[PDB]
Amino acid sequence: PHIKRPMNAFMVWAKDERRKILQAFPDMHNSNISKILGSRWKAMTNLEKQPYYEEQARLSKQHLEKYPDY
């Protein structure tokens, strides 16, 4: 949850978008929702990535803040 994984506003917005979609497609597993998210992402507006953007730097800030004696 608070690790420097290769995520981003997309995997950040898509993690809820896939969760928000999986609800609608509880069978659409990763191998499929993946094209959904990445297709829901490009289907966004770029300027609408304001929140999913800072939400990345935050979860990234919550990770390092967690490891002091780095």
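Use the structure listed above.
Residues numbered from 1 in each chain as written, not as in the entry; some residues may be left out. Heavy atoms only, no water.

**Student:** Any chance you could break down helix α2 (residues 30–41) for me, citing the residues and the numbers?
**Tutor:** Among all positions in α2, only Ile33, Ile36, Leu37 and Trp41 are buried. Around the axis of α2, the buried residues are gathered within 130° of arc, so they sit on the same side. Residues of α2 that are exposed and point more than 90 degrees away from the buried face comprise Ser31 and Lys35. Against α1 (9–22) and α3 (50–64) lie the buried residues of α2. (Buried < 20%, exposed > 50% of the residue type's maximum accessible area, 1.4 Å probe, protein only. Helix = DSSP H or I, 4+ residues; strand = E, 2+ residues; numbered from the N terminus. Arc of directions from axis to C-beta. Contact = heavy atoms within 4.5 Å.)

**Student:** Outline the pattern of salt bridges, supporting the account with residue identities and numerical values.
**Tutor:** Tallied over the full model, the rule gives 1 salt bridge. The shortest N-O distance in the salt bridge between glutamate 17 and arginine 40 comes to 3.6 Å. Linking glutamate 17 in helix α1 with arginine 40 in helix α2, this pair joins segments that are 23 residues apart in sequence. On the basis of relative accessible area, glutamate 17 is assigned to the buried category, the value being 16%. Taking the relative accessible area as the measure of exposure, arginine 40 reaches 33% and is therefore partly exposed. (Salt bridge = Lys/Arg side-chain N within 4 Å of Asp/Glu carboxyl O.)

**Student:** Give a description of the packing of aromatic side chains that names residues and reports values.
**Tutor:** Across all of its chains, the model carries 4 aromatic pairs by this definition. Ring centres of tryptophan 41 and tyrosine 52 lie 6.1 Å apart, and the angle between their planes is 55°; on these two criteria the pair is classed as tilted. With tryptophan 41 in helix α2 and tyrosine 52 in helix α3, the pair connects residues that are 11 residues apart, well separated along the chain. Looking at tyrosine 52, the relative accessible area reads 23%, which means it is partly exposed. Members of the aromatic cluster, each reached through a chain of ring pairs, are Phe10, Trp13, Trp41 and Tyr52. (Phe/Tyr/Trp six-rings, centres within 6.5 Å; stacked < 30°, edge-to-face > 60°.)

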